[PDB]
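The chains referred to below are lettered A, B, ... by the order of the sequence lines, with proteins before strands, and numbering in each begins at 1.
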Amino acid sequence: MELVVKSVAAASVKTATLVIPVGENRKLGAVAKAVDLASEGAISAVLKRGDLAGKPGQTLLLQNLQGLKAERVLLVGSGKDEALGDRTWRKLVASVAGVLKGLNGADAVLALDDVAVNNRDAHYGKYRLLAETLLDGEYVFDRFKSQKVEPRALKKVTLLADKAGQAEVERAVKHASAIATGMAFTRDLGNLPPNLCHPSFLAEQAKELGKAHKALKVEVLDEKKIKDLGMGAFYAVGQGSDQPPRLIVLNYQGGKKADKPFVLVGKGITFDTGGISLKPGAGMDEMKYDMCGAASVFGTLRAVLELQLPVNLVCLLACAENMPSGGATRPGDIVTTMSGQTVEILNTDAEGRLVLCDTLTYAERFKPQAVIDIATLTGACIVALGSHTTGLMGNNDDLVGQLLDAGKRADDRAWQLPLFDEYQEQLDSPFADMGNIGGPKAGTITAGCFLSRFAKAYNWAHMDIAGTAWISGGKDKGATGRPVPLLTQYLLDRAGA
Amino acid sequence: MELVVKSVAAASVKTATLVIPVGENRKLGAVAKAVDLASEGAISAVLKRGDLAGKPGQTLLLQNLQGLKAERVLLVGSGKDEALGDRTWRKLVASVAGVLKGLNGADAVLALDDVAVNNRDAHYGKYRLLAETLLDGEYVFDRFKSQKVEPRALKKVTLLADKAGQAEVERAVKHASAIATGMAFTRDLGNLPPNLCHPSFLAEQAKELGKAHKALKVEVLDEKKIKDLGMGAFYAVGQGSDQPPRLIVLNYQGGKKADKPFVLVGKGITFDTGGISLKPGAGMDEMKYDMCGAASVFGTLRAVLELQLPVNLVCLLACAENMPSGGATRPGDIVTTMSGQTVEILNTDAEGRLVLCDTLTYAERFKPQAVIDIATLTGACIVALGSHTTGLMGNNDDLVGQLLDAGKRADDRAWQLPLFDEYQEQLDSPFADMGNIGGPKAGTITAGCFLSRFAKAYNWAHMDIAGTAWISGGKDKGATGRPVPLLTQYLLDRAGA
Amino acid sequence: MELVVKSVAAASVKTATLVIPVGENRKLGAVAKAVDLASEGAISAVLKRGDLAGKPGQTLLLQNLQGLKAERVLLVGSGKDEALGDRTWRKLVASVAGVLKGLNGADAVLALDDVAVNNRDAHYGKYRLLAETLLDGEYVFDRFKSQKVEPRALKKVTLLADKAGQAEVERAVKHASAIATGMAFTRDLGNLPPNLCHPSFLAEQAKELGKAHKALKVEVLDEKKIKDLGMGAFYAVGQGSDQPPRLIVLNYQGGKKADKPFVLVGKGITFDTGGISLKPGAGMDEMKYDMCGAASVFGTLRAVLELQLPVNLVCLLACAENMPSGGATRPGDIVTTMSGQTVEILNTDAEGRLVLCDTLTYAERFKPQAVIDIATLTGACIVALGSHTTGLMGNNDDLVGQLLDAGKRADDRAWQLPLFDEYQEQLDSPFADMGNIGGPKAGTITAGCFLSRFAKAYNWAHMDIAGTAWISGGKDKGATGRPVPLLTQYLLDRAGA
Ligand SMILES: CC(C)C[C@H](NC(=O)[C@@H](O)[C@H](N)Cc1ccccc1)C(=O)O
Ligand SMILES: CC(C)C[C@H](NC(=O)[C@@H](O)[C@H](N)Cc1ccccc1)C(=O)O
Ligand SMILES: CC(C)C[C@H](NC(=O)[C@@H](O)[C@H](N)Cc1ccccc1)C(=O)O
Ligand SMILES: [K+]
Ligand SMILES: [K+]
Ligand SMILES: [K+]
Ligand SMILES: [Mn+2]
Ligand SMILES: [Mn+2]
Ligand SMILES: [Mn+2]
Ligand SMILES: [Zn+2]
Ligand SMILES: [Zn+2]
Ligand SMILES: [Zn+2]
């Protein structure tokens, strides 16, 4: 979809559908009032009949009105006078998009300048949310359908704002477009089934990306290299499968050569059966999303490439497929990690932290200013924070604060959990330097504690996206693309953009 | 056992054991009375003592009686002066057989003409049930025992009937003998353990059968052929095992060249672990019977060959072994079926419908007049219809009705369940054309619905024999041979025999 | 909502909203075409723009059109030019009703004569389904909401038909209105929470209904009466609770004095905890619907009273509340039923068949021509037939067939399951005449088998509505009102109405 910004009057714009807001009690703001006046009162005449109560997202669609250049006018409810919260604003926009998707109009004009959004400026923050919702809402994954989604008529949307706000709306659209393009890439990789989307496939995706971008260099480390580097934990996860593991490095040099890089580490478990500690059958298909950490790193990188941010960004994708077999890791195996710390693998279904720990040690070589790991790590995080909020831990309160602030401004929120030293003992092993599980109490936190033992060389944060990375059921089952908005926001903030 | 029919007087017949019926209140029918008189009232005299109440299947065994040529007389209770139901009649016969098997007599004569069986003619229907119970009751599967069953003395049974009915009893014996010989083959294949009875073994069985019979042509399609035909669902089931899959085609051309064939499709999962969606351990051994669909097709074919029915019969055995491994199918995999329809494999333990759907597409080439699939498909069918009655679904009312009627006449009953369109949606997938599971509601029906999407080219029915194909425990644990009687009866009906 | 029928031309009717169908490819039937012409081609002109593809239930709403007397015109998609199935037709009607409910129009005119419905005549069967969907869709249960549903503007719908069809449409409306009114009563009783809706409450409801209807006499039997009649199974169920049981008799004498009555027996377990055989907590709230058998009998009676059918109808509501306590029935208890047959209560959560068996014996006194029990009886029925189809068993083929045919014509379908004698032994007890459970195989059937032992005196059928009586979750959670349509249709059939 093409998304552009103009400052012309709403009544003057030639379009298939003009969209304007209407409050409860048929209350029209200055923009809608001017459109009503151009229609010689036709809009307020229809509103007087009472079909539209004006609750947020309710709609009334009109056809050709004399005095207007729009072929259709869509009235959308904006609710009571009170400013809208983020969720209500995004639902309003999605309601609009749903109607437009079903029409045979080639373009539409949104004239929603009068709608106030709580704690967001009328031009940048408000439109960041609208644009991302509109563009991400175009997403289709019909690759495996014999009957394809018939393409939609809607090819273009124009946002109307005042002259003074136009540049800021354009900046919101630029940023939202990069984020939505990155999210589409994330969502495609998440939604791909695990018989196709395995570690070698992700390596090929990375190599393709490297060829397409001059400032990107890609290196792929195979199973032998992982083993030779001393990555005993990463190797142990992957060995059970016929699909070998891959550590994928994507190095974007957008900053000055001397600038310390930001490192994103993504968990790329392409399918998590649990291994010998096998999962139950119910809902196991959703473990194709266990590479959503790696997918979100791909999508964040793709947003960064689109924006050409002037930062050095090193992406490390720790990819393996966790399968039961006659050569799989067993509960009770002890391995030596790249750091030299030994790990007793008490449960082979706590495998993400194993590929991550070795990759955290690998990251030391880049001499980073921040290392953020993203992983669908714990069912415990869904118990703690549910579907709405990513769990966040780290070893630097300034980094943790920056990620929280980015998630608030991006409306892709996270929430800090503590890594108090008292939780560490839960990982104690009588045999090895640590075990890989902490028991049934504080599961999200003990997984963060385990990772923290490998992150002492740098400023580090860990994002547990087990609850935010996909929707489990209903019509909308599938990858969400989170946390691409938070991560991209954090990088925009570090770039000063 | 040799089973013959004669029309001589019971008192006159030289035999190790003469069997005659006695009612309650010591009441003797015409046949029994004649034997009593020949015995000089000896039988009445013993009855007066009251040891035999005459309830169905009760017995009293006499030794040499003056005036008879029989060495022993077995009296068997026939109940009150009303006709017996099928179950009571078959139990009476089994009771008699159990006594004879324990004796050292080389033959026996059954003189049970006076016993009425409800809704069964005195010559054909009555003796179809008797002869099949007698012959199937001889079944022994002692090949894995170090101590073999002491072979039995009983080598021959003669059924006495009146002259007028002799040919119809002979026709019942001909048909029952073919059915029982088919059932023995089915039972042996089901009872064989899965380390021996794998898809390659079944292929060798088919090849051996092909060499033994001129009107039979056998082709075996291996794993690469299955893959190269585009059978993505069948291939997915078999990949996880070290034993590769086989699609076995047995083509019997007994009809006219231009007569459309009847196609039988059998599920041949030689062991069902569930795969990655692994089953619980308890009772898993009974999943060696997950090839009883394919076994019943082999047994029906053996009966048809014995009878030389004048029909074209194509048998398709879809054989694979469902194992967990590092190369097995995962929940969430999406495959392209031979038909081009895509399937999301949400649960790798819903595997029978996957090998079946591709085999249903394969069956289109034969331009059949009926396609019947037989499969141990759903635990839900045991919840719905239990151990007694096979679940039946289809896309043609006439075919379904023919199979029901065959089951009633063969005393191997089925019962229809509806494939209403409302159940289809339970198979919807957001990614593929369908998923392979429908959830906890209507599981037998949604499996039928899944298969129906591959059967639209022809008249089709599906038989879920999960409850009727074997007995789980007790002294009689093992394959039953069902539904060989129903299927054979259906083909006798189509042949006009 | 008032529902009336007229034979005036669609373009001529003064109304807030005129509803007409449009096919795919903008194809207009005779009625829609005549409206288009009166609108001076306005409707064709809007359709040419392509916003409405015409798939069943899609909508496009127009405002005031020159040449018409309708204030609004709703175009509704009717699909390709083939007849619609029942489900598609009812979903089309619900789509229309949804739009109308959100408008501020006091009335609407449905001009849907053009639309063909498969296997149902243009006037009676087609409009039975439309009228019931429209009227049942008006249902609101907001008693426990602090914020009430806003009263809807829509008060009247007019159906247009040709003069020749008017009588038959009016008959359909009369019957659908009775059915919908009965369903609303059923749904209210089902949706009441169990702290309010207990057996004494249902007894009050029945007494109040008796006072309002001349031809209705109501008797209520309390716990002591149930005990004193020798109803040891019914008494055993209710004894654990602080709410005592009630057996409610509602006798409608609408037939000739010497006509044998139809008896409906409803399970009225107002809450089923399982008792000492306690249920799991998950979903237990839905056991407030365990009196939906009884609720559907009240609803059917309400429909019969509205229609004044000329039949004698005796309703027996077997009401109890199944609770654990220090005085509750135990697994292993043996009780003497009213019939004198003893029952070993192996599981106290098989309680509905216990209150039903004693009520089936009580029904003998009426010398009925048919006895139908309706009960939310088995989870196994949901496994067998899911949410779409009621399970049906019986001891009379004619009665079973009549109920099946009623279900088809009412679009409230049932499906027969067999009560073969082989399933009876599953109920054997070493101690009593029978146990109340048959094990994990054929649960729906063994429950019907249990009941059949109490129904030998008369023609009897059993409806297991465990899957059809309510919706478990989502926006539409709550009672369905089924099987009031099937039961009312059966009584219409017996009355000759
Ligand atoms: C063994 C445990 C300590 C850890 C275990 N974690 C895992 O299995 C992770 O690898 C899972 N990928 C976490 C998960 C499970 C379900 C939904 C979303 C995310 C878990 O159950 O949380
Ligand atoms: C995963 C489910 C949708 C289907 C699943 N079906 C199976 O596993 C079939 O392959 C089984 N072969 C069915 C079965 C299980 C136990 C006894 C007899 C038959 C079942 O549990 O019924
Ligand atoms: C103990 C078993 C033989 C019978 C048991 N039946 C019951 O508990 C019935 O009283 C329940 N009212 C049946 C039920 C359970 C869940 C949803 C709908 C209907 C059941 O589990 O089906
Ligand atoms: K994936
Ligand atoms: K076997
Ligand atoms: K209730
Ligand atoms: Mn895991
Ligand atoms: Mn299986
Ligand atoms: Mn219960
Ligand atoms: Zn994982
Ligand atoms: Zn199976
Ligand atoms: Zn109950």
[X] and [Y]: side-chain donor and acceptor closer than 3.5 Å?
X	Y	value
A:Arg90	A:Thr133	yes
A:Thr186	A:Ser296	no
A:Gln66	A:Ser39	no
A:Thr389	A:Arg413	no

Does [X] use its side chain to pair, donor to acceptor, with the backbone of [Y] at less than 3.5 Å?
X	Y	result
A:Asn191	A:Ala479	yes
A:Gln308	A:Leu305	yes
A:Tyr139	A:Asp188	yes
A:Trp89	A:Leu129	no
A:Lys6	A:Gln166	no
C:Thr88	C:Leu84	no
C:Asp36	C:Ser44	yes

Inset, instruction - Work out which heavy atom in B:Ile334 is nearest to a heavy atom in A:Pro193; give both atom names and the distance. - result: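 Minimum heavy-atom contact is N-CB, 3.7 Å.
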Legend entry - Test of ring centre spacing under 6.0 Å for A:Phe144 and B:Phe431: no
Inset, instruction - Name the orientation class of the two ring planes belonging to A:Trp470 and A:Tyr289 (parallel below 30°, tilted from 30 to 60°, perpendicular beyond 60°). - result: parallel
Under 3.5 Å donor-acceptor pairs involving side-chain atoms of residues 48-55 of chain A, not counting sequence neighbours:
unit_1, atom_1, unit_2, atom_2, d
A:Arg49, NH1, C:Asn64, OD1, 3.4
A:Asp51, OD1, C:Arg72, NH2, 2.9
A:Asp51, OD1, C:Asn104, N, 2.8
A:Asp51, OD2, C:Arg72, NE, 2.8
A:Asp51, OD2, C:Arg72, NH2, 3.4

